[PDB]
């Protein structure tokens, strides 16, 4: 078993009133950049966003499970849109259970997943889970290349817990958008087009589609000639 | 199916996977290339120069292994400099022959897909392509690199002989634009080198321009 | 069939106030079988000391080789080789066999006779120099030795106190390694006197 | 590991080391390798630690159920066969166990059964099991007689483990002694090799290979 | 699987070596002498890969005999052992190494002391009071740890050796067809015919 | 081909006193050469004055702790709210681990608490269930660095009484909670210096008859 | 040729190179690893090829030191032969042709930087013999953490002080986020018309805190069997 | 490369390496395909029909394994016939879902790259592509098969939305012509199927025509 | 490996079986009886994979004893051998086959004739005047081709057997610690204590 059509990095971070999460709109087929209209951020209710990387067929399977979870929660539940609504912590633990069960049957869902959201009591939720069933939480979280390149940049803003209240939504979103640009420079299986989602405890869920990487530095390339000695 | 070319590369070495092409036209010949260099899925260099000078008006496009193509191009440049000191300016055919000799005789230890392009006054613009095997093929235009697969259809339909400079630049720009769009191993800026009687001209084109073609 | 862990053994070196210490175990085995409990791994050429862990045949071969090279050095230079120079000689000699290396983990220790400065150094099998103020470790219980040294070590220890620290580091590391132990030797090296002590340790 | 047990005039001597390894890493020096199944039955452990420990405590449960059902203590033969039939069901699955079921009953007398994870079950007077079994055999065989005293037999068992503890890299820690009579098993103490080696070297005058 | 033992006592060195030569499922010979005299007071026993053992032993023997003629002088056991070790140390990094393990028992006439050296095919030399190669050591070392004393006589050493052979005959899987025993002392080398 | 195991690094440490017991563990979580989290706890209060940690492959570690916590819950339901003794918990964990003998939990488990005489207890487990009570145990990535230090400082190994010719050993004695925490903090700072997978933060859980207390300390973040 | 040694030291690292107004600066961390174990907590990864050409090295530690010294030796002889100060392209050409000849078996990954009569230069060399030109470059296990910082903050026309800040910030990103890198930050500045200044331990943000206890043993704690005076004299 | 698509096949099985595409347009949708089937380098069938009916106005293009795609298409046709008996005419989305379910749940044992195309009266022309993984992707047009690699550049540059019937037929003809020219696994005749409100129309085009485009 | 032999003579069947049980480089036991009595006039010797041998032998023994009780009648050696063969023939195509080779020596009371059957782990049955399993056959078959006669007595058969054991002790690589000999005849089964 292996992933065929794949999605690359998913990045995310916490800020004073909520969480931000982002992911590009590419479905790679090996080295071929085959599909360009792939949404890899999937909202669940008006308080959670699940970002998924890895195998896209397995992503679409998870989509259907989450869709079905909202339906099932509504059954015989008069408080489905109030006290007994789906929380980010519920949605995550469900997925984490599935991922670990599948790895334990030697038949894993190939993915790396980040569940971002805001709880009912206003607390920020951000936690990671992957094909192995491994889970962890941190002020910043990222998958694939994001882990190597985005996290370093995002940790300069929020290095520890105490930096979260000091970080505004403007500063946080700027860091995310910057990180997406760096990934476009340096990740061979990434695209310019991406989606971004903000879940705030006050202003709620804001889903931004069709964003582009901009303000790129390419001008210095013209001065670079040859690979050593060549002058022309 | 061309994963096999990448398969030939030594473990962990830098890969040139590329979108390179050379096109003859009325006034001479134009070489074109992307600027991406990869180590797996990490882009080691996003502003590479794959168009390299082996003589005043004989250049080449490099693809395959970065190390192998550089080592070869350096040796060829040495041979042609020594040729010039004894026998005067070498023909583009002569340059392609020296490339072939190195690529063919070391075909097992090398991964180098090279396009040779030059301008004589007698022979005008000429293009020779040298694939992995070490064979030589003289053509009106040539395409190569991992990204070239995606533009065989486009280039065959759109290429005409005796094009103008502006038409040839548009042909190369549109072609490499598509190759870059579809090939993950290709990207960055589009470098070009114009070879005519007038001299040598370097051109560059940035993403903001060519992406929205 | 891993050359570095057929025979087993350990070496450790430390610095102190105007002194250095170098210590080693005495075991030579063939995997599980203990064969000899008298196999010393520390040698000396003039005032420069060399400890060597790893494949025993190479330990012996390198000792004979550096005895050879330091003797010719002395005849031509008309002086004893210094630790800094000897360290470079070991590095050169190991890298000369880059693609057919001696399977060893050598450790240099000594005091420079001109400047009086305590000196220690370690190498990998192909001659990469590892210089250190504090301590150098080598052998099948290197992880254990790293742990003991990092916690027990403090700078500027007197020769008598330094002896206790290095001895406790070696003993407790050796007892957590199956292929190391069976006795131990500690060298305490001052500017112009050198004491050699055999430690009592558990013989299993 | 190194474990042994031998039969003699005055019953059965059982002796084991206490080391546990994970490759060349010495993980523990204080492992109990003798399991006390009941006042008349002992079991030794060698090989995979978990396999031995788990299945021999399980064996003790099966022996208890026997005496509840049959109103009588289980025979050494029957106890050993429960274990040998169990591991045989797991043959090929990768269990690693080298055990000895030692004990006394009226009908059998003092009896020792070697039982290993590839299904072998053997009755016998002398057995040494483990990575250092050969070292123990060398000392034990060359000094063994049926007419040994309880004092001499206890010492020979202790000395045979010590011999193996010394030479075998994967044996050591301390020696646990047991003596099995018609009245049941009797524990004869934990003996650390740290002190025991030097005590034995001085008093016996042996171990001349070592720097005294 | 080939048994070679060695015991150094007060005034002599005793080497015991198995007589069996086995190929496949057949014992081709049961009276083989796995040793060569290197010099009047130096004896080397050997065991390992077929062919290599005798080829190596005789090659060393020739070299030591050449030295003796040239200098009209016998090399010390320490000197011979160092020469042998170096040859094996060269060998291990050759195109095809000698897969031979040896024991060198000798009597140094200048020191008036017996000496026993154990060298494996890698070139790993150790001086010992008692030594063994192959699976034999797994039994004999612990046995000798117990029974050996440094001040023993040659007769006491032979009884100590009998104790080893008995144990090996009891617990070894293969029939090695007994041993040839040889004694090295101040009066040279001699063979014990009845063992 | 799919590999179901992974290494999440980290290291843990249990020490037992006279009337108390500590179970410490760093808060760093890693994969390969990357840091996943600087604060991800892996030492848990499981109820009945039992603290537990299962270091190694975090997914298997979490699954095991989760299952033991649940085992404690069902022990109360089935046996009239009886307190689960540390020795009983240890045996129960053996069966959890050995249950997956042929597809193991890749973890080194340590539990700590008080025995039925009120005295400090530490139990340690291998991946397939073999267990042993000890005064002292380090587990995880830096276990090989810390463990011999503990042999020397807790159990006074290789230490003899000065002037007694190496005849009389240094006498064994229980350590105070203050002295034990000193050894833990020094063990982890040393392990942080020399092991790349160890750092960020240290979380100690102390267990006395009064309950379970926590203490946190910063560690180097490189 | 031997297909790798696992025992051979191969340190994790973060080395970078940044070009500025009147020259070039390189920097590095100071951790040397053995597997997961930190062997040296303050090694020097910045090497001297010639007075004004310096070389940062990652990969197989023995190969980077050995190859930098060999080329440095030949560069010195070349400089004496030609009566000229050595050029960076000469070191570049000699390094790549050596590394290429061995087909990657010499695992040296280098950032070369320096000044010479031609000007200021910055190159990178990979083990297989390929070379790259750039204004900013990073290698080592923490290259991605460093390059993320370089891509975020680098601009054209940097000053000396800005380049040192950018370089050390890139190394810090490796120190904190990459497990292969750590400890201190070394820097070497090579400006045109001036001597190159080597700033050993330019930053030391990872100082070991005071230990809770002293582990100085009472004298006589260790049991001894034999003492003897060793003869070092003739 | 294309190899790991063909490296999936079982030893010796018939290969459906292909040049298949489906294109939506003003009046509905058009499916297109070549006719070549190979066993290694031998052409087992030069006149194959890769365009297959699963319902009146829901068709699919097959690529990958001949056996696997046939077995799947037969099952889908069975499901949609049973669907029609109970719930009436199924949507094109419904058909794609049934294809996905079979491809995804049996992703390890199958090699089937299927394009689904259909015509509703409400939804007009629709195209869903289902690659090897078993994922679903709704698109304006889709290309697939070994020969599609060579026409990514051409198709992206030349495709427009709301084309006429004659324009779409020319677009498919020119595209597959190039795919066939460059891909050895593709060839023979170019079959097409037109899906509109008018009904179902079959078209065929022979080498003598399309080769010299 | 293990040695199991069988010789059918005029009025009896003689089975010889090695006493050694070896694991690794250690002979764990030197008095092992590699046989089980299936019925008063039927004896089965066995050799092969550790554990499997005894588990198989006892399983057969139980089944034959169950038949004897049920029918109050002893099964003929031919009938027992056919039952054993079928069990091995089933076994070889199981998930984990019994790797056991056996010799079945019996005295048929109805025919008043001795019978010897050789069955391998595949379920390959043959009735023979003399038989052997493992490497033993490579020596004993040619020896018996020469010395065996069909009309020999039990005493002549024992001398013929001694000749086999001597040859094996001379030319076999492994020490198999002698043999336990048992005789099957009209009066049942008995063991020769001094061999």
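Letters A, B, C, D, E, F, G, H and I mark the chains as written, and numbering starts fresh at 1 in each.
Throughout what follows, contacts are C-beta pairs under 8 Å (C-beta built on N, C-alpha and C of every residue); 3 or more make two chains touch, one makes a residue touch a chain.
According to UniProt, the chain labels map to these proteins: A = Proteasome subunit beta type-7; B, H = Proteasome subunit beta type-1; C = Proteasome subunit beta type-3; D = Proteasome subunit beta type-5; E, I = Proteasome subunit beta type-4; F = Proteasome subunit beta type-6; G = Proteasome subunit beta type-2.
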Task: Contact-graph distance - origin chain E, target chain H - done: 4
Open item on the list: Taking contact as defined at the start, I'd like the list of chains shared as neighbours by chain A and chain F.
Closed with: G
Open item on the list: Using CA atoms for the superposition, what rotation angle relates chain B to chain H, in steps of 5 degrees?
Closed with: 180
- [ ] List the interface residue numbers of chain E and of chain I, divide the shared ones by all numbers used, and answer same when the ratio is over half, different when under half.
- [x] same
Open item on the list: Quick check: more C-beta contact pairs at A-B or at C-D?
Closed with: A-B
Open item on the list: Centroid of chain B to centroid of chain D, CA atoms only: how many Å?
Closed with: 76
Task: Centroid distance [mean C-alpha coordinates] between chain H and chain C, Å - done: 72
Task: Centre distance in Å when chain B and chain I are each reduced to the mean of their C-alpha atoms - done: 80
TODO: Return the distance between the CA-based centres of chain F and chain H, expressed in whole Å.
DONE: 60
Task: For chain D, residues that touch 2 or more chains besides their own - done: 25, 134, 137, 166-167, 207, 209, 211
Task: Touching two or more other chains - residues of chain C - done: 33-34, 38, 100, 143, 146, 151-152, 168, 171, 175-176, 198, 200
Task: Contacts with two or more other chains, residues of chain I listed in rising order - done: 25-26
Task: Partner chain E, residues of chain D touching it in the complex - done: 134-139, 141-143, 159, 163-164, 166-167, 205-209
Open item on the list: Quick check: in the complex, which residue numbers of chain C touch chain F?
Closed with: 143-144, 146-148, 150-152, 168, 171-173, 175-176, 200-201
TODO: Please give the residue numbers of chain F that touch chain C in the complex, ascending.
DONE: 142, 144-149, 151-152, 157-159, 166, 186-187, 190-191, 193-194
Open item on the list: Show me the residue ranges of chain C that touch chain E in the complex, using the header's touch definition.
Closed with: 7, 28, 30, 33-36, 38-39, 55-57, 60-61, 100
Task: Residues on chain E engaged by chain C in the complex (per definition of touch) - done: 85, 88-89, 92-93, 118, 120, 122-128, 137-138, 141
